[PDB]
>>> print(open('model21.pdb').read())   # PDB, C-alpha atoms and all ligand atoms
ATOM      1  CA  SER A   1       4.304 -20.317  -5.728
ATOM      2  CA  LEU A   2       4.613 -16.710  -4.619
ATOM      3  CA  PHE A   3       0.857 -16.697  -4.090
ATOM      4  CA  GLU A   4       0.957 -19.392  -1.432
ATOM      5  CA  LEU A   5       4.113 -17.940   0.042
ATOM      6  CA  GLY A   6       2.551 -14.494   0.201
ATOM      7  CA  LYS A   7      -0.601 -15.865   1.700
ATOM      8  CA  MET A   8       1.302 -17.793   4.338
ATOM      9  CA  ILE A   9       3.312 -14.770   5.279
ATOM     10  CA  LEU A  10       0.129 -12.784   5.448
ATOM     11  CA  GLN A  11      -1.454 -15.457   7.598
ATOM     12  CA  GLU A  12       1.417 -15.894   9.959
ATOM     13  CA  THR A  13       2.531 -12.314  10.239
ATOM     14  CA  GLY A  14      -0.665 -10.493   9.544
ATOM     15  CA  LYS A  15       1.406  -8.219   7.355
ATOM     16  CA  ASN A  16       1.005  -7.416   3.712
ATOM     17  CA  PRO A  17       3.623  -9.858   2.342
ATOM     18  CA  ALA A  18       4.748  -7.687  -0.502
ATOM     19  CA  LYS A  19       4.986  -4.517   1.496
ATOM     20  CA  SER A  20       6.829  -6.000   4.424
ATOM     21  CA  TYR A  21       8.700  -8.866   2.864
ATOM     22  CA  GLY A  22       8.675  -8.436  -0.903
ATOM     23  CA  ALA A  23      11.857  -6.535  -0.536
ATOM     24  CA  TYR A  24      13.454  -6.627   2.900
ATOM     25  CA  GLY A  25      17.079  -6.914   3.838
ATOM     26  CA  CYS A  26      19.439  -8.982   1.738
ATOM     27  CA  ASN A  27      17.263 -12.022   1.477
ATOM     28  CA  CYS A  28      13.590 -11.242   1.411
ATOM     29  CA  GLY A  29      12.524 -10.607  -2.155
ATOM     30  CA  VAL A  30      14.194 -11.122  -5.493
ATOM     31  CA  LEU A  31      17.939 -11.420  -5.977
ATOM     32  CA  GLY A  32      19.084 -14.492  -4.143
ATOM     33  CA  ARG A  33      20.681 -14.209  -0.749
ATOM     34  CA  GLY A  34      23.073 -11.909   1.039
ATOM     35  CA  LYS A  35      24.511 -11.614   4.534
ATOM     36  CA  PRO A  36      21.315 -11.294   6.580
ATOM     37  CA  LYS A  37      20.679  -7.897   8.082
ATOM     38  CA  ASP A  38      18.613  -9.297  10.941
ATOM     39  CA  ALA A  39      16.399 -12.130  12.119
ATOM     40  CA  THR A  40      13.636 -11.301   9.701
ATOM     41  CA  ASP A  41      16.121 -11.226   6.859
ATOM     42  CA  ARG A  42      17.657 -14.478   8.061
ATOM     43  CA  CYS A  43      14.251 -16.130   7.765
ATOM     44  CA  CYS A  44      14.337 -15.268   4.094
ATOM     45  CA  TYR A  45      17.910 -16.373   3.875
ATOM     46  CA  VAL A  46      16.998 -19.808   5.278
ATOM     47  CA  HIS A  47      13.987 -19.702   2.969
ATOM     48  CA  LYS A  48      16.054 -19.218  -0.130
ATOM     49  CA  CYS A  49      18.382 -22.017   0.942
ATOM     50  CA  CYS A  50      15.332 -24.111   1.508
ATOM     51  CA  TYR A  51      14.291 -23.435  -2.096
ATOM     52  CA  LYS A  52      17.729 -24.511  -3.271
ATOM     53  CA  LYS A  53      17.042 -28.063  -2.060
ATOM     54  CA  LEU A  54      13.944 -28.350  -4.183
ATOM     55  CA  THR A  55      13.985 -30.408  -7.344
ATOM     56  CA  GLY A  56      11.067 -30.984  -9.647
ATOM     57  CA  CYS A  57       9.193 -27.817  -8.965
ATOM     58  CA  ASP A  58       9.206 -24.095  -9.485
ATOM     59  CA  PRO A  59       9.122 -22.365  -6.096
ATOM     60  CA  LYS A  60       7.889 -19.214  -7.766
ATOM     61  CA  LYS A  61       5.300 -20.396 -10.278
ATOM     62  CA  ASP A  62       4.103 -23.784  -9.055
ATOM     63  CA  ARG A  63       0.997 -23.311  -6.976
ATOM     64  CA  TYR A  64       0.282 -25.928  -4.352
ATOM     65  CA  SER A  65      -2.248 -26.643  -1.760
ATOM     66  CA  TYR A  66      -2.131 -26.140   1.893
ATOM     67  CA  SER A  67      -4.678 -25.542   4.508
ATOM     68  CA  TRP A  68      -5.101 -23.295   7.449
ATOM     69  CA  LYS A  69      -6.023 -25.714  10.195
ATOM     70  CA  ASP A  70      -6.150 -24.707  13.823
ATOM     71  CA  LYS A  71      -4.411 -21.539  12.589
ATOM     72  CA  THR A  72      -1.475 -23.493  11.339
ATOM     73  CA  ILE A  73      -0.257 -23.850   7.808
ATOM     74  CA  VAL A  74      -0.690 -27.471   6.904
ATOM     75  CA  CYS A  75       0.916 -28.418   3.638
ATOM     76  CA  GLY A  76      -1.172 -30.649   1.426
ATOM     77  CA  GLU A  77       0.426 -33.858   0.171
ATOM     78  CA  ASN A  78       0.785 -32.322  -3.286
ATOM     79  CA  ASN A  79       3.933 -34.148  -4.457
ATOM     80  CA  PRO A  80       7.382 -34.303  -2.726
ATOM     81  CA  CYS A  81       8.781 -31.149  -4.221
ATOM     82  CA  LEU A  82       5.555 -29.164  -3.727
ATOM     83  CA  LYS A  83       5.232 -30.426  -0.196
ATOM     84  CA  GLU A  84       8.861 -29.523   0.478
ATOM     85  CA  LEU A  85       8.287 -26.192  -1.190
ATOM     86  CA  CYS A  86       5.204 -25.659   0.872
ATOM     87  CA  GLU A  87       7.207 -26.535   3.985
ATOM     88  CA  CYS A  88       9.869 -23.977   2.944
ATOM     89  CA  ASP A  89       7.192 -21.306   2.603
ATOM     90  CA  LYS A  90       5.475 -22.294   5.793
ATOM     91  CA  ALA A  91       8.796 -22.136   7.625
ATOM     92  CA  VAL A  92       9.593 -18.692   6.420
ATOM     93  CA  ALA A  93       6.139 -17.368   7.266
ATOM     94  CA  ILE A  94       6.456 -18.805  10.751
ATOM     95  CA  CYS A  95       9.948 -17.429  11.042
ATOM     96  CA  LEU A  96       8.934 -13.973   9.888
ATOM     97  CA  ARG A  97       6.124 -14.026  12.401
ATOM     98  CA  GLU A  98       8.450 -15.113  15.228
ATOM     99  CA  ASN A  99      10.751 -12.280  14.340
ATOM    100  CA  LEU A 100       8.178  -9.642  13.736
ATOM    101  CA  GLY A 101       9.379  -8.027  16.949
ATOM    102  CA  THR A 102      12.662  -6.905  15.422
ATOM    103  CA  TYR A 103      11.255  -6.166  12.034
ATOM    104  CA  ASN A 104      12.950  -2.973  10.940
ATOM    105  CA  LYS A 105      11.299  -0.847   8.293
ATOM    106  CA  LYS A 106      14.666   0.643   7.518
ATOM    107  CA  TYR A 107      15.551  -2.651   5.837
ATOM    108  CA  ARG A 108      12.400  -2.639   3.788
ATOM    109  CA  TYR A 109      13.621  -1.635   0.376
ATOM    110  CA  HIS A 110      17.227  -2.433   1.134
ATOM    111  CA  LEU A 111      19.389  -2.116  -1.967
ATOM    112  CA  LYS A 112      20.455  -5.609  -2.949
ATOM    113  CA  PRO A 113      23.953  -4.254  -3.816
ATOM    114  CA  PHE A 114      24.664  -3.092  -0.298
ATOM    115  CA  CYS A 115      24.519  -6.722   0.662
ATOM    116  CA  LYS A 116      27.473  -8.790   1.500
ATOM    117  CA  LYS A 117      27.832 -12.027  -0.414
ATOM    118  CA  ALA A 118      25.934 -14.795   1.345
ATOM    119  CA  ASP A 119      27.661 -17.943   2.533
ATOM    120  CA  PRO A 120      26.833 -21.001   0.466
ATOM    121  CA  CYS A 121      23.724 -22.671   1.842
TER     122      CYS A 121
ATOM    123  CA  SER B   1      18.806 -10.642 -14.535
ATOM    124  CA  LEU B   2      16.815  -8.725 -11.941
ATOM    125  CA  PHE B   3      20.089  -7.298 -10.733
ATOM    126  CA  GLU B   4      20.611  -5.479 -14.025
ATOM    127  CA  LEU B   5      16.926  -4.714 -14.377
ATOM    128  CA  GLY B   6      16.832  -3.206 -10.929
ATOM    129  CA  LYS B   7      19.901  -1.192 -11.614
ATOM    130  CA  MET B   8      18.507   0.076 -14.883
ATOM    131  CA  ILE B   9      15.284   1.077 -13.217
ATOM    132  CA  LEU B  10      17.143   2.947 -10.544
ATOM    133  CA  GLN B  11      19.327   4.559 -13.150
ATOM    134  CA  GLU B  12      16.484   5.654 -15.350
ATOM    135  CA  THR B  13      13.965   6.519 -12.708
ATOM    136  CA  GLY B  14      16.261   7.513  -9.891
ATOM    137  CA  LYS B  15      13.840   5.548  -7.735
ATOM    138  CA  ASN B  16      14.497   2.521  -5.520
ATOM    139  CA  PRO B  17      13.173  -0.253  -7.816
ATOM    140  CA  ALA B  18      11.626  -2.396  -5.142
ATOM    141  CA  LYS B  19       9.995   0.569  -3.507
ATOM    142  CA  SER B  20       8.341   2.044  -6.536
ATOM    143  CA  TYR B  21       8.017  -0.952  -8.787
ATOM    144  CA  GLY B  22       8.359  -4.052  -6.654
ATOM    145  CA  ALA B  23       4.588  -4.226  -6.431
ATOM    146  CA  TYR B  24       2.844  -1.711  -8.611
ATOM    147  CA  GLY B  25      -0.400  -2.242 -10.372
ATOM    148  CA  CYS B  26      -1.068  -5.551 -12.022
ATOM    149  CA  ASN B  27       2.277  -6.076 -13.691
ATOM    150  CA  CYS B  28       5.110  -4.466 -11.829
ATOM    151  CA  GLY B  29       6.764  -6.917  -9.476
ATOM    152  CA  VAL B  30       3.655  -8.951  -8.918
ATOM    153  CA  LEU B  31       3.647 -12.464 -10.267
ATOM    154  CA  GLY B  32       2.071 -12.479 -13.711
ATOM    155  CA  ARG B  33       0.356  -9.842 -15.770
ATOM    156  CA  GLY B  34      -2.912  -8.047 -15.493
ATOM    157  CA  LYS B  35      -4.704  -5.406 -17.485
ATOM    158  CA  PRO B  36      -2.395  -2.430 -16.793
ATOM    159  CA  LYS B  37      -3.754   0.070 -14.317
ATOM    160  CA  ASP B  38      -1.823   2.885 -15.927
ATOM    161  CA  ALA B  39       1.194   3.692 -18.067
ATOM    162  CA  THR B  40       3.668   2.687 -15.414
ATOM    163  CA  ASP B  41       1.917  -0.594 -14.994
ATOM    164  CA  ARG B  42       1.794  -0.899 -18.758
ATOM    165  CA  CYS B  43       5.536  -0.661 -18.885
ATOM    166  CA  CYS B  44       5.712  -3.761 -16.708
ATOM    167  CA  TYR B  45       3.098  -5.502 -18.778
ATOM    168  CA  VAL B  46       5.112  -4.759 -21.900
ATOM    169  CA  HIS B  47       8.219  -5.862 -20.055
ATOM    170  CA  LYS B  48       6.690  -9.150 -19.071
ATOM    171  CA  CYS B  49       5.566  -9.734 -22.613
ATOM    172  CA  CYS B  50       9.032  -8.810 -23.752
ATOM    173  CA  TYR B  51      10.345 -11.473 -21.449
ATOM    174  CA  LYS B  52       7.940 -13.980 -22.910
ATOM    175  CA  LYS B  53       9.553 -13.437 -26.325
ATOM    176  CA  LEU B  54      13.002 -14.496 -25.163
ATOM    177  CA  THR B  55      14.075 -17.993 -26.129
ATOM    178  CA  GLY B  56      17.667 -18.741 -25.190
ATOM    179  CA  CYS B  57      17.989 -17.244 -21.733
ATOM    180  CA  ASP B  58      16.521 -16.839 -18.264
ATOM    181  CA  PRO B  59      15.306 -13.268 -17.838
ATOM    182  CA  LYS B  60      15.326 -13.557 -14.071
ATOM    183  CA  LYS B  61      18.657 -15.257 -13.562
ATOM    184  CA  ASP B  62      20.896 -14.519 -16.511
ATOM    185  CA  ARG B  63      23.202 -11.629 -16.006
ATOM    186  CA  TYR B  64      24.275  -9.591 -19.008
ATOM    187  CA  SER B  65      26.368  -6.556 -19.286
ATOM    188  CA  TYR B  66      25.335  -3.106 -20.102
ATOM    189  CA  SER B  67      26.868   0.224 -19.552
ATOM    190  CA  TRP B  68      25.761   3.709 -18.694
ATOM    191  CA  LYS B  69      27.001   5.919 -21.495
ATOM    192  CA  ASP B  70      25.903   9.504 -21.979
ATOM    193  CA  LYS B  71      23.272   8.686 -19.343
ATOM    194  CA  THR B  72      21.876   6.030 -21.571
ATOM    195  CA  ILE B  73      21.649   2.357 -20.744
ATOM    196  CA  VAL B  74      23.691   0.696 -23.455
ATOM    197  CA  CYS B  75      23.251  -3.035 -23.640
ATOM    198  CA  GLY B  76      26.582  -4.707 -24.190
ATOM    199  CA  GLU B  77      25.605  -8.090 -25.482
ATOM    200  CA  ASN B  78      25.752  -9.755 -28.819
ATOM    201  CA  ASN B  79      24.087 -13.014 -27.792
ATOM    202  CA  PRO B  80      20.567 -12.508 -29.180
ATOM    203  CA  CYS B  81      18.632 -13.537 -26.086
ATOM    204  CA  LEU B  82      20.880 -11.638 -23.662
ATOM    205  CA  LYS B  83      20.774  -8.655 -26.001
ATOM    206  CA  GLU B  84      17.013  -8.854 -26.260
ATOM    207  CA  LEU B  85      16.825  -9.444 -22.483
ATOM    208  CA  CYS B  86      18.909  -6.422 -21.833
ATOM    209  CA  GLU B  87      16.780  -4.454 -24.236
ATOM    210  CA  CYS B  88      13.595  -5.581 -22.525
ATOM    211  CA  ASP B  89      15.042  -4.320 -19.278
ATOM    212  CA  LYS B  90      16.326  -1.141 -20.722
ATOM    213  CA  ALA B  91      12.881  -0.536 -22.264
ATOM    214  CA  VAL B  92      10.977  -1.039 -19.059
ATOM    215  CA  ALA B  93      13.434   1.076 -17.127
ATOM    216  CA  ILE B  94      13.026   3.862 -19.671
ATOM    217  CA  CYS B  95       9.354   3.386 -19.806
ATOM    218  CA  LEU B  96       8.998   3.527 -16.063
ATOM    219  CA  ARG B  97      10.939   6.748 -16.069
ATOM    220  CA  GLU B  98       8.919   8.175 -18.941
ATOM    221  CA  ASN B  99       5.784   7.463 -16.976
ATOM    222  CA  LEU B 100       6.768   8.732 -13.613
ATOM    223  CA  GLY B 101       4.486  11.618 -14.508
ATOM    224  CA  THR B 102       1.400   9.502 -13.983
ATOM    225  CA  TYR B 103       2.930   7.182 -11.433
ATOM    226  CA  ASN B 104       0.381   6.781  -8.688
ATOM    227  CA  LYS B 105       1.332   5.496  -5.253
ATOM    228  CA  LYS B 106      -2.129   4.037  -4.804
ATOM    229  CA  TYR B 107      -1.095   1.302  -7.204
ATOM    230  CA  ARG B 108       1.740   0.316  -4.937
ATOM    231  CA  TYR B 109       0.745  -3.023  -3.494
ATOM    232  CA  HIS B 110      -2.317  -3.005  -5.702
ATOM    233  CA  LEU B 111      -4.371  -6.018  -4.754
ATOM    234  CA  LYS B 112      -4.258  -8.675  -7.411
ATOM    235  CA  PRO B 113      -7.987  -9.396  -7.095
ATOM    236  CA  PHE B 114      -8.601  -5.972  -8.628
ATOM    237  CA  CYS B 115      -6.578  -6.875 -11.715
ATOM    238  CA  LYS B 116      -8.459  -7.713 -14.873
ATOM    239  CA  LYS B 117      -7.137 -10.444 -17.174
ATOM    240  CA  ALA B 118      -4.204  -9.137 -19.169
ATOM    241  CA  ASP B 119      -4.466  -9.141 -22.946
ATOM    242  CA  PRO B 120      -2.372 -11.940 -24.393
ATOM    243  CA  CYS B 121       1.129 -10.803 -25.171
TER     244      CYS B 121
HETATM  245  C1  LIG C 201      11.384 -13.410  -8.415
HETATM  246  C2  LIG C 201      11.158 -13.695  -6.893
HETATM  247  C3  LIG C 201      10.314 -12.734  -5.912
HETATM  248  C4  LIG C 201       9.633 -11.422  -6.404
HETATM  249  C5  LIG C 201      10.150 -13.091  -4.439
HETATM  250  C6  LIG C 201      10.789 -14.364  -3.927
HETATM  251  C7  LIG C 201      11.612 -15.326  -4.824
HETATM  252  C8  LIG C 201      12.265 -16.643  -4.243
HETATM  253  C9  LIG C 201      11.798 -14.990  -6.313
HETATM  254  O1  LIG C 201      12.547 -15.852  -7.155
HETATM  255  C10 LIG C 201      10.608 -14.720  -2.440
HETATM  256  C11 LIG C 201       9.766 -13.769  -1.450
HETATM  257  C12 LIG C 201       9.140 -12.491  -1.986
HETATM  258  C13 LIG C 201       9.818 -11.750  -0.931
HETATM  259  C14 LIG C 201       7.632 -12.655  -1.734
HETATM  260  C15 LIG C 201       6.828 -11.830  -0.710
HETATM  261  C16 LIG C 201       5.304 -11.509  -0.994
HETATM  262  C17 LIG C 201       4.488 -11.985  -2.289
HETATM  263  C18 LIG C 201       4.507 -13.469  -2.509
HETATM  264  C19 LIG C 201       3.022 -11.443  -2.152
HETATM  265  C20 LIG C 201       1.792 -12.377  -2.232
HETATM  266  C21 LIG C 201       0.526 -11.618  -2.062
HETATM  267  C22 LIG C 201      -0.900 -12.327  -2.076
HETATM  268  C23 LIG C 201      -0.916 -13.835  -2.247
HETATM  269  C24 LIG C 201      -1.809 -12.049  -0.792
HETATM  270  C25 LIG C 201      -1.385 -11.183   0.382
HETATM  271  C26 LIG C 201      -1.758  -9.637   0.388
HETATM  272  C27 LIG C 201      -3.077  -9.221   1.204
HETATM  273  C28 LIG C 201      -3.300  -7.699   1.182
HETATM  274  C29 LIG C 201      -4.408  -9.821   0.599
HETATM  275  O2  LIG C 201       9.353 -12.171  -3.519
HETATM  276  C1  LIG C 202       9.808 -12.249 -11.829
HETATM  277  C2  LIG C 202       9.777 -10.802 -12.314
HETATM  278  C3  LIG C 202       9.994  -9.585 -11.363
HETATM  279  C4  LIG C 202      10.247  -9.747  -9.876
HETATM  280  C5  LIG C 202       9.942  -8.208 -11.927
HETATM  281  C6  LIG C 202       9.704  -7.890 -13.364
HETATM  282  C7  LIG C 202       9.475  -9.083 -14.340
HETATM  283  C8  LIG C 202       9.212  -8.870 -15.829
HETATM  284  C9  LIG C 202       9.514 -10.526 -13.812
HETATM  285  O1  LIG C 202       9.312 -11.581 -14.682
HETATM  286  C10 LIG C 202       9.702  -6.325 -13.823
HETATM  287  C11 LIG C 202       9.998  -5.070 -12.743
HETATM  288  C12 LIG C 202      10.057  -5.470 -11.376
HETATM  289  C13 LIG C 202       8.918  -4.926 -10.659
HETATM  290  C14 LIG C 202      11.319  -4.601 -11.019
HETATM  291  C15 LIG C 202      11.820  -4.683  -9.529
HETATM  292  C16 LIG C 202      13.295  -4.253  -9.365
HETATM  293  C17 LIG C 202      14.385  -5.343  -8.950
HETATM  294  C18 LIG C 202      14.881  -6.062 -10.148
HETATM  295  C19 LIG C 202      15.460  -4.593  -8.271
HETATM  296  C20 LIG C 202      16.751  -4.991  -7.621
HETATM  297  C21 LIG C 202      17.391  -3.549  -7.573
HETATM  298  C22 LIG C 202      18.917  -3.303  -7.427
HETATM  299  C23 LIG C 202      19.601  -4.223  -8.440
HETATM  300  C24 LIG C 202      19.318  -1.787  -7.782
HETATM  301  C25 LIG C 202      20.595  -1.070  -7.148
HETATM  302  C26 LIG C 202      21.998  -1.360  -7.791
HETATM  303  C27 LIG C 202      23.184  -0.254  -7.934
HETATM  304  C28 LIG C 202      24.415  -0.888  -8.562
HETATM  305  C29 LIG C 202      22.896   0.892  -8.871
HETATM  306  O2  LIG C 202      10.126  -6.975 -11.016
END
>>> encode(input="model21.pdb", output="structure tokens")
Amino acid sequence: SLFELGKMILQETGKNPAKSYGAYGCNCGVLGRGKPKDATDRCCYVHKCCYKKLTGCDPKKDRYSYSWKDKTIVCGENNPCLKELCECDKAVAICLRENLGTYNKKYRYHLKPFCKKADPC
Amino acid sequence: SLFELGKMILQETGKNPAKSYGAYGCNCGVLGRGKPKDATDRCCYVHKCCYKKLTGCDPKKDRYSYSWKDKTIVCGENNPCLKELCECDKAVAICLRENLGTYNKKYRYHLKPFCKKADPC
């Protein structure tokens, strides 16, 4: 759920999840996807597409278990959807971290409207 | 949906929705409710409870139409859930605007652990 997602982002990026990624670009935050503004945003884009593949679980509300082992997010077995979900979240946190270098605060509270329609996943 | 909600909030408050309300207090933006920290936060609490009352539609995903008439958000739905949904949104947008006077930036990104259990809707 958003709690694990937030925590992962926090863990990987060291940044307050909500502040930095709760609303960034066309893809990080609420409101589906949009043409990504940058790498960071693309992480969220990929992340939302990742969520699209899920079936059987609520990416937002369903909590799941994962562990921080050797400073790596390790998804708990949970169940297939939750594990996949967890993997989606883990991927985006990793991705956001990898792209922290080009994080651009100007995209922080980007207005969802000024986002080009995203390509289908 | 959040698209209309966000637009309403911007329209009423004149503030970037994600920036001011994406994560404010215990109820604005954050997942779930919490004892409101203040009036602004209470708006979101009320809004979330309003959402809980809806039966035939998805408050997050379902789009509905509304118009801006005489600088008033005018829901344009007859479907009861979409109408109610729209009204929930309109109400929080108005409420957020009516409470900008006690809006406090220190509640932005308020840490969930500080939130006390919300009263039941
Ligand atoms: C409706 C909706 C929202 C609002 C949303 C997303 C999706 C898919 C949705 O359908 C995806 C990403 C994000 C951008 C989430 C980003 C951050 C949050 C999950 C914050 C979690 C915060 C907690 C744990 C701890 C970290 C903060 C430290 C200060 C302790 O917000
Ligand atoms: C899951 C969930 C979320 C995430 C939520 C709330 C509730 C009740 C929920 O159950 C209430 C308020 C808020 C904090 C509001 C956040 C605002 C976003 C909806 C904004 C998107 C803003 C865009 C469109 C505005 C610009 C458009 C122009 C056309 C005017 O977020």
>>> closest_residue(input="model21.pdb", among="A:95, A:46, A:88, A:30", to="chain B", atoms="all atoms listed in the file")
A:30
>>> closest_residue(input="model21.pdb", among="A:54, A:111, A:118, A:5", to="chain B", atoms="all atoms listed in the file")
A:111
>>> resolve_selection(input="model21.pdb", expression="the PyMOL selection byres (((chain B and resi 75) around 10) and not hetatm)", output="number ranges by chain")
B: 64-69, 72-74, 76-78, 82-87, 89-90
>>> resolve_selection(input="model21.pdb", expression="the PyMOL selection byres (((not hetatm)) within 9 of (chain C and resi 201))", output="ChimeraX atom specification")
/A:1-11,14-24,27-32,44,47-48,51,59-60,89 /B:2,22-23,29-31,60-61,109-113
>>> atom_distance(input="model21.pdb", atom1="atom CA of residue 104 of chain B", atom2="atom CA of residue 36 of chain B")
12.6 Å
>>> resolve_selection(input="model21.pdb", expression="the PyMOL selection byres (((chain B and resi 37) around 7) and not hetatm)", output="compact mmCIF listing (two decimals) with C-alpha atoms, keeping the file's coordinate frame")
# COMPACT_ATOMS: atom_id res chain seq x y z
CA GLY B 25 -0.40 -2.24 -10.37
CA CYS B 26 -1.07 -5.55 -12.02
CA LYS B 35 -4.70 -5.41 -17.48
CA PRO B 36 -2.40 -2.43 -16.79
CA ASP B 38 -1.82 2.88 -15.93
CA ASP B 41 1.92 -0.59 -14.99
>>> closest_residue(input="model21.pdb", among="A:120, A:93, A:53, A:114", to="ligand LIG 202 (chain C)", atoms="all atoms listed in the file")
A:114
>>> axis_aligned_box(input="model21.pdb", around="ligand LIG 202 (chain C)", padding_each_side="8 Å", output="JSON")
{"center_x": 16.7, "center_y": -5.7, "center_z": -11.5, "size_x": 31.5, "size_y": 29.1, "size_z": 24.7}
>>> closest_residue(input="model21.pdb", among="B:71, B:117, B:106, B:97", to="residue 45 of chain B", atoms="all atoms listed in the file")
B:117
>>> closest_residue(input="model21.pdb", among="A:121, A:105, A:13, A:70", to="chain B", atoms="all atoms listed in the file")
A:105
>>> atom_distance(input="model21.pdb", atom1="atom CA of residue 42 of chain A", atom2="atom CA of residue 103 of chain A")
11.2 Å
>>> atom_distance(input="model21.pdb", atom1="atom CA of residue 100 of chain B", atom2="atom CA of residue 119 of chain B")
23.1 Å
>>> closest_residue(input="model21.pdb", among="A:12, A:55, A:63, A:108", to="chain B", atoms="all atoms listed in the file")
A:108
>>> build_atoms(input="model21.pdb", residues="segment 30-44 of chain A", atoms="N, CA, C and O atoms", output="PDB file, in the coordinates of the input")
ATOM      1  N   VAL A  30      13.480 -10.543  -4.362  1.00  0.00           N
ATOM      2  CA  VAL A  30      14.194 -11.122  -5.493  1.00  0.00           C
ATOM      3  C   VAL A  30      15.670 -11.119  -5.136  1.00  0.00           C
ATOM      4  O   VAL A  30      16.046 -10.833  -4.002  1.00  0.00           O
ATOM      5  N   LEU A  31      16.495 -11.463  -6.108  1.00  0.00           N
ATOM      6  CA  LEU A  31      17.939 -11.420  -5.977  1.00  0.00           C
ATOM      7  C   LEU A  31      18.685 -12.300  -5.004  1.00  0.00           C
ATOM      8  O   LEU A  31      19.564 -11.826  -4.275  1.00  0.00           O
ATOM      9  N   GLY A  32      18.359 -13.580  -4.999  1.00  0.00           N
ATOM     10  CA  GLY A  32      19.084 -14.492  -4.143  1.00  0.00           C
ATOM     11  C   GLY A  32      19.310 -14.017  -2.730  1.00  0.00           C
ATOM     12  O   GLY A  32      18.559 -13.206  -2.198  1.00  0.00           O
ATOM     13  N   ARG A  33      20.372 -14.527  -2.129  1.00  0.00           N
ATOM     14  CA  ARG A  33      20.681 -14.209  -0.749  1.00  0.00           C
ATOM     15  C   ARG A  33      21.835 -13.245  -0.556  1.00  0.00           C
ATOM     16  O   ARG A  33      22.550 -12.906  -1.498  1.00  0.00           O
ATOM     17  N   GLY A  34      21.994 -12.804   0.684  1.00  0.00           N
ATOM     18  CA  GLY A  34      23.073 -11.909   1.039  1.00  0.00           C
ATOM     19  C   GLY A  34      23.225 -12.046   2.536  1.00  0.00           C
ATOM     20  O   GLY A  34      22.347 -12.623   3.194  1.00  0.00           O
ATOM     21  N   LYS A  35      24.323 -11.537   3.094  1.00  0.00           N
ATOM     22  CA  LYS A  35      24.511 -11.614   4.534  1.00  0.00           C
ATOM     23  C   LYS A  35      23.236 -11.049   5.128  1.00  0.00           C
ATOM     24  O   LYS A  35      22.848  -9.944   4.801  1.00  0.00           O
ATOM     25  N   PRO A  36      22.559 -11.808   5.995  1.00  0.00           N
ATOM     26  CA  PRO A  36      21.315 -11.294   6.580  1.00  0.00           C
ATOM     27  C   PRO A  36      21.500 -10.066   7.430  1.00  0.00           C
ATOM     28  O   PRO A  36      22.427  -9.994   8.220  1.00  0.00           O
ATOM     29  N   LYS A  37      20.597  -9.113   7.290  1.00  0.00           N
ATOM     30  CA  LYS A  37      20.679  -7.897   8.082  1.00  0.00           C
ATOM     31  C   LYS A  37      20.167  -8.152   9.486  1.00  0.00           C
ATOM     32  O   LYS A  37      20.621  -7.534  10.435  1.00  0.00           O
ATOM     33  N   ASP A  38      19.190  -9.041   9.621  1.00  0.00           N
ATOM     34  CA  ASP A  38      18.613  -9.297  10.941  1.00  0.00           C
ATOM     35  C   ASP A  38      17.851 -10.603  10.943  1.00  0.00           C
ATOM     36  O   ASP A  38      17.930 -11.364   9.974  1.00  0.00           O
ATOM     37  N   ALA A  39      17.119 -10.867  12.019  1.00  0.00           N
ATOM     38  CA  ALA A  39      16.399 -12.130  12.119  1.00  0.00           C
ATOM     39  C   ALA A  39      15.396 -12.270  10.986  1.00  0.00           C
ATOM     40  O   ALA A  39      15.324 -13.296  10.302  1.00  0.00           O
ATOM     41  N   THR A  40      14.591 -11.248  10.789  1.00  0.00           N
ATOM     42  CA  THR A  40      13.636 -11.301   9.701  1.00  0.00           C
ATOM     43  C   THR A  40      14.305 -11.704   8.400  1.00  0.00           C
ATOM     44  O   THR A  40      13.879 -12.659   7.731  1.00  0.00           O
ATOM     45  N   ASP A  41      15.372 -10.982   8.064  1.00  0.00           N
ATOM     46  CA  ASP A  41      16.121 -11.226   6.859  1.00  0.00           C
ATOM     47  C   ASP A  41      16.667 -12.641   6.848  1.00  0.00           C
ATOM     48  O   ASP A  41      16.676 -13.296   5.812  1.00  0.00           O
ATOM     49  N   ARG A  42      17.132 -13.120   7.997  1.00  0.00           N
ATOM     50  CA  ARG A  42      17.657 -14.478   8.061  1.00  0.00           C
ATOM     51  C   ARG A  42      16.571 -15.488   7.705  1.00  0.00           C
ATOM     52  O   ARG A  42      16.836 -16.504   7.088  1.00  0.00           O
ATOM     53  N   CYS A  43      15.343 -15.227   8.127  1.00  0.00           N
ATOM     54  CA  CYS A  43      14.251 -16.130   7.765  1.00  0.00           C
ATOM     55  C   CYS A  43      14.242 -16.310   6.249  1.00  0.00           C
ATOM     56  O   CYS A  43      14.123 -17.435   5.711  1.00  0.00           O
ATOM     57  N   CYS A  44      14.360 -15.198   5.540  1.00  0.00           N
ATOM     58  CA  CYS A  44      14.337 -15.268   4.094  1.00  0.00           C
ATOM     59  C   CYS A  44      15.574 -15.932   3.572  1.00  0.00           C
ATOM     60  O   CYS A  44      15.550 -16.557   2.533  1.00  0.00           O
TER      61      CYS A  44
END
